[PDB]
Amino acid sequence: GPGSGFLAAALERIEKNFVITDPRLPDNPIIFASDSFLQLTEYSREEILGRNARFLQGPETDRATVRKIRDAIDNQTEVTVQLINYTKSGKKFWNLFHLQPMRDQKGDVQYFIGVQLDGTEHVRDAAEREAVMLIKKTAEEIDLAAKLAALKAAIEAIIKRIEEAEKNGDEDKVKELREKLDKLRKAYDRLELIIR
């Protein structure tokens, strides 16, 4: 899956509410969801994976706030908003939501990270600004962990290609691919140390 590197393994036990979406697939589906997200929303992983996150919206959701998310995704920018969402039971909650693109080493947007902080009320003022700093710091910790997981998945994918080329006696291909593997390994090791 698009989530096999996680991300799932790298991501889902982080005790934060988040999803990862893949904007390079139809309708930017959720490809990973944290265990905590499923408990918040009360949906199962199988109900959520492969669907767009908009299912959380309902009758009182501010459509102009939703458009600010829409525009940030289209523009590939971060955004922080607060909007009304509903659990599977129809329980209303306020979702203080932070989106940010996750880039690969070339700077291209590979995934979106979305971090939720649920509450009973629309927060403002110092309470809001603090909650925003929590979810931004959480998003940064997910971004680095997910980037490391994506380098590990790239290393596994190139080792498969190297073995295929070795089986086929494709030695110019082996040479090319082993140089790429050496750069991926260096990148992986560098980022591993930073977050160690």
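Note that residue numbering begins at 1 and tracks the sequence as displayed.
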Entry B factor averaged over C-alpha atoms, 33-41 against 160-168: higher for 33-41
With B-factors read from the PDB entry, the higher C-alpha mean of 45-53 and 151-159 is in 45-53
Per the deposited B-factor column, the C-alpha that peaks among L181, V19, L25, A187 belongs to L25
Residue set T80, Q116, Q76, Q105, per-entry CA B-factor max assigned to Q105
Assert third(CA B-factor, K92) within chain per record equals middle
Quick tally, chain-level thirds of C-alpha B-factors: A9 sits in the highest
The third of the chain into which the C-alpha temperature factor of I195 falls is the highest
